[PDB]
Novice: 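What follows is a structure written as structure tokens; I'll ask about it next.
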Amino acid sequence: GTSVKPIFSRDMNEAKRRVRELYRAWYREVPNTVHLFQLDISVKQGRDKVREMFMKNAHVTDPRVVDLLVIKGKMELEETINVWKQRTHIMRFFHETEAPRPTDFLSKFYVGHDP
Amino acid sequence: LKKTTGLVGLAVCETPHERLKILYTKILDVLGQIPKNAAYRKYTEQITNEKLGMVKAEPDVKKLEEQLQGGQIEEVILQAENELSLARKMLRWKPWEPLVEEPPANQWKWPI
Amino acid sequence: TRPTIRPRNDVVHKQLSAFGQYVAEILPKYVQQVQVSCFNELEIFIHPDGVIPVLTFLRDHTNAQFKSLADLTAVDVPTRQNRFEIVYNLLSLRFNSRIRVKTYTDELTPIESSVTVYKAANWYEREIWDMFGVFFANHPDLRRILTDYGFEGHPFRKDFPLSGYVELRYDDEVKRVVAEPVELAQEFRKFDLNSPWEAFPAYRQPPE
Amino acid sequence: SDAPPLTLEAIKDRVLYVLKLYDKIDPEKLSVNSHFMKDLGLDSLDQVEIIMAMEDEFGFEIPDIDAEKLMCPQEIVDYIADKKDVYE
Amino acid sequence: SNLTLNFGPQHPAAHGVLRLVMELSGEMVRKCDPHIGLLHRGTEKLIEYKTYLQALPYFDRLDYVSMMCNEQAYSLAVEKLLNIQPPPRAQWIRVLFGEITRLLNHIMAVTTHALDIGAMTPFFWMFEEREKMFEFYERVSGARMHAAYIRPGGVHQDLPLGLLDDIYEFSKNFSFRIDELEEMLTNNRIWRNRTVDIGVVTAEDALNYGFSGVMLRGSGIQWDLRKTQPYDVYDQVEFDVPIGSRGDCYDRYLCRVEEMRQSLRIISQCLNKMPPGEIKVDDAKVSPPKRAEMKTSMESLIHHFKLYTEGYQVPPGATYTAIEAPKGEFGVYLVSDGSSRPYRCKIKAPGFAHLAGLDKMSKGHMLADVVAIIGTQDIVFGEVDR
Ligand SMILES: CCCCCCCCCCCC(=O)SCCNC(=O)CCNC(=O)[C@H](O)C(C)(C)COP(=O)(O)O
Ligand SMILES: COC1=C(OC)C(=O)C(CC=C(C)C)=C(C)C1=O
């Protein structure tokens, strides 16, 4: 049994339903974010970025972890809708000033010691 | 007779002896539904009975405030209402049942 | 023994012990332990499920009347299966006393919000959520309070690094403030200070 | 007068037009019976996006349930017909 | 919809770094949402990375209007965990400088409150007195505000030979400055119009919202930590606790002025009753030895070395220690694991709970009323954000 208590969801089905509701809300919100913050990206770029964030935590199989992730996503959406975030906060998702780092062994061997 | 109890939001109560009697009777009625061996019932019944007895034995408000040692009889009425609400909540909670879920082996060990 | 040593008060110690026994007797369902420190501070260790009842009792009981919540914070002890220790400090103005209530939780277990008992809890729980990641159920409005917008992690956890993972600067190409991985010109220097000789024999632990 | 009486054929045409406006579906492989999960190779989030596009086009909201089980154009057409009480 | 406005952080009336998001209907305030953390520096984790002596200067910068009071609270907590006792002269010095610090804080609060409401002159009149008290601070410690003077052994150094005379000279004249400020503000009909019946809070709501200090006393609650739970020598001085009856801004302003007068009274008593003796505990495993002994005797040099490199160990245990700071109850929850570095140090700031109650206090008021209510809560964001 392992005797654990829930946050919101009983199993993975309800957790997936909450995930889908959060995704719908973010997808609806993206064009308003592009308009209000005067972003130079397109709506497609924003929705692709939204999709990318969800995919990152796709592997998780625990309903409590999924519930907490949905709570955090709702908090982030609330920050975005009320314009508590600024333009810099929204653009931090895109890492525009970070130089790309190669994943190949040779590139890493050449630059430094880090694995 | 008295005005301006001195605490913002606490109005002056007229006829406080009757109000205290009603509140203590209601508290006793609510406590009557708790099991006899429960500690909350007997402790609260004891203290409420002392307060009711000293209420029924003093018609002067200033001396009653001095005897109750409860700080300005309007606050005594407020505390009686709070106790009645707590008694209802405890009847709902039933916290006299045995302990549930003893803690892990070293949950409360300090240092480390 | 006289001039440099703090004097102890035994009347307050006896009174606090008696009240701890009183509270433990009234609420056997939730009270796991009661302690009185030797500088006369009373603590009550409870099961998490009794956060709301116990507090309510302490707030509304005629003999307790702890109507002020002085502080509410968390402590992180990674070696415990339940990582986080939740601490309530309560003050009774009627009896001029203080009491401490303690419980525990882990990363995935919610604790019931105590805003219905004390209004002051509203921000404190938010801080606990921001700094430690402990979720409070039925909180009217739970979100970050201290950290920057979009900040990731809970900095008051023991495994969170002191300087964090990201740092901010102004970039002229994008004409805005940007975040990057932390790089320090001088690394913070860790000091190993503990003496290899035991200081306090009264706290020695059994050799297992 | 108000809008003309909507028929099943118009609903089917609008649904198919929306579906081929989705950049992740090839127009020629799409049919009224094609399955999003199997024939078209779309995941759950693509289905959510399709349902949102249908919501936008037909001007009414479909809950999470009653939409989580629409897996091909025919089911969407039937659901719209049932909600709009259209028989022709 | 209501109009949404950013009040601060770059605002004269924001008292530093505060993002008040207000929802307004016209100039009526429908909702206040304080956003803080613009001065969150992560003090508690940093303290976790220091020895007990190294962490003391952080308390100077928590509430940078009342420095020695925070030093006193932290020192009292460490003393309780150490089971040691400061010497009497150190305690008398602590109470004297705590009352001087209360004078400084109350001057700042009242004058900047009046400045926000629209009276600029009393600020200028009273900041000269603030500068003289800064001179007292510097003569005792070498720094004008961040003294680091009060330490868990007592005080760092003894008074210079002429300090008490100058403190007496300042104290015998400060009451006339208080009188001039009162003549400017107390009976002015514009001041009363801007303060009376503004931000009323009931006693029960004040208790349940976690208020402390004047924010209780203005509503009639008869509470004061110096009278009910005295700490150093506060049981040996005589003073009165001012109590309000309306629970509004005006009553709290009157309470703060009267508290300044009572502070002058206590300072007089402390000046007359200063005893002789040492100024830190005569225990070299806690308090560092004198320089002459450190350069003469082996044990003194060893203890100096160890106290300045590793620091003293504190027996394991947790305490909650509170004082009546000028802004309300100031507390420390300090946990020791037995080593020379604290395991956990939670700081309780009265401004935290006071600002958390801003939305309740602003119901049915206007923008300028909210500015006055911000001033009446006596908020410094160094302690609110920590
Ligand atoms: C402008 C930029 C703004 C950026 C905002 C970023 C907001 C991020 C919020 C992220 C919230 C979460 O992590 S929510 C956590 C998401 N991951 C899970 O729930 C675990 C189970 N994974 C799955 O089911 C599939 O991989 C899945 C792909 C989900 C689809 O599922 P189906 O199809 O089988 O239905
Ligand atoms: C009278 O001129 C002055 C101001 O303008 C009203 C200020 O705001 C300030 C800053 C202090 C307030 C609280 C913003 C100072 C110091 C000042 O001298």
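Atoms within a ligand are numbered from 1 in the order they appear, just like the ligands themselves. Computed from heavy atoms alone, side chains included, the values below leave out hydrogens, waters and symmetry copies. We name chains A, B, ... by the order of the sequence lines, and we start the count at 1 in each one.
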Novice: So which protein heavy atom does atom 15 (C) of ligand 2 come closest to, and at what separation?
Specialist: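 The protein heavy atom lying closest is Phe123(E) CZ, 4.6 Å.
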Novice: May I ask you to identify the nearest protein heavy atom to atom 14 (C) of ligand 2, giving residue, atom name and distance to one decimal place in Å?
Specialist: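 That would be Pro12(E) O, 3.2 Å.
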Novice: For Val60(A), take its heavy atoms, then give the atoms of ligand 1 lying under 4.0 Å from any of them.
Specialist: 20 (C), 21 (C)
Novice: So, are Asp40(A) and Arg176(C) salt-bridged, with charged N and O less than 4.0 Å apart?
Specialist: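 Salt bridge between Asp40(A) and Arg176(C), a charged N being under 4.0 Å from a carboxylate O: no.
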Novice: Do NZ/NE/NH1/NH2 and the carboxylate oxygens of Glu383(E) and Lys327(E) come within less than 4.0 Å?
Specialist: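 Not counted as a salt bridge, because no side-chain N and carboxylate O are separated by less than 4.0 Å.
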Novice: Can you say whether the rings of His11(E) and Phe7(E) are parallel (under 30°), tilted (30 to 60°) or perpendicular (over 60°)?
Specialist: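 Answer is parallel, since the angle falls under 30°.
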Novice: List every atom of ligand 1 that sits less than 4.0 Å from any heavy atom of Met53(A), numbering the atoms from 1 in the order shown and giving each element.
Specialist: 6 (C), 8 (C)
Novice: Need the ligand 1 atom indices (1-based, order shown) with element for anything under 4.0 Å from a heavy-atom of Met55(A).
Specialist: 28 (C)
Novice: I'd like to check which ligand 1 atoms, numbered from 1 as shown, lie under 4.0 Å from a non-hydrogen atom of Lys49(A).
Specialist: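 What qualifies from ligand 1 is 2 (C).
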Novice: Below 3.5 Å, N or O to N or O, backbone or side chain included: is there any such pair between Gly73(A) and ligand 1?
Specialist: no
Novice: Can you tell me which residue and heavy atom of the protein come closest to atom 2 (O) of ligand 2, and the distance to 0.1 Å?
Specialist: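 Going atom by atom, the protein heavy atom closest to atom 2 (O) of ligand 2 ends up being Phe124(E) CZ, 4.5 Å.
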Novice: Is the ring pair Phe151(C)/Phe160(C) parallel, tilted or perpendicular, if the boundaries are 30 and 60 degrees?
Specialist: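 If you compare the ring of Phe151(C) with that of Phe160(C), the planes turn out tilted.
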Novice: So for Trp26(A), does at least one of its heavy atoms come nearer than 4.0 angstrom to any atom of ligand 1?
Specialist: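 Under 4.0 Å: yes for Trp26(A).
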Novice: Donor-acceptor pair, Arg144(C) side chain versus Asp130(C) backbone, under 3.5 Å?
Specialist: no
Novice: I'd like to know if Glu135(E) and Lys132(E) make a salt bridge, using a cut-off of under 4.0 Å between side-chain N and carboxylate O.
Specialist: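 Result for this pair is no, no salt bridge flagged.
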Novice: For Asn105(E) and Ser66(E), test the side chains for any donor-to-acceptor distance below 3.5 angstrom and give the result as yes or no.
Specialist: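 A donor-acceptor contact under 3.5 Å links the two side chains.
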Novice: Verify, without hydrogens or angle tests, whether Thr33(A) (side chain) and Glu29(A) (backbone) share a donor-acceptor contact under 3.5 angstrom.
Specialist: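 Indeed, once roles are kept as given, a pair shorter than 3.5 Å links the two residues.
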Novice: Report yes if some N/O of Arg20(A) lies less than 3.5 Å from some N/O of ligand 1; otherwise report no.
Specialist: no
Novice: Should one rank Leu115(E), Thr111(E), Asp116(E) by closest heavy-atom distance to atom 11 (C) of ligand 2, which comes out on top?
Specialist: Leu115(E)
Novice: Right, does atom 18 (O) of ligand 2 have protein non-hydrogen atoms nearer than 4.0 Å?
Specialist: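 Under 4.0 Å from atom 18 (O) of ligand 2, at least one protein heavy atom found.
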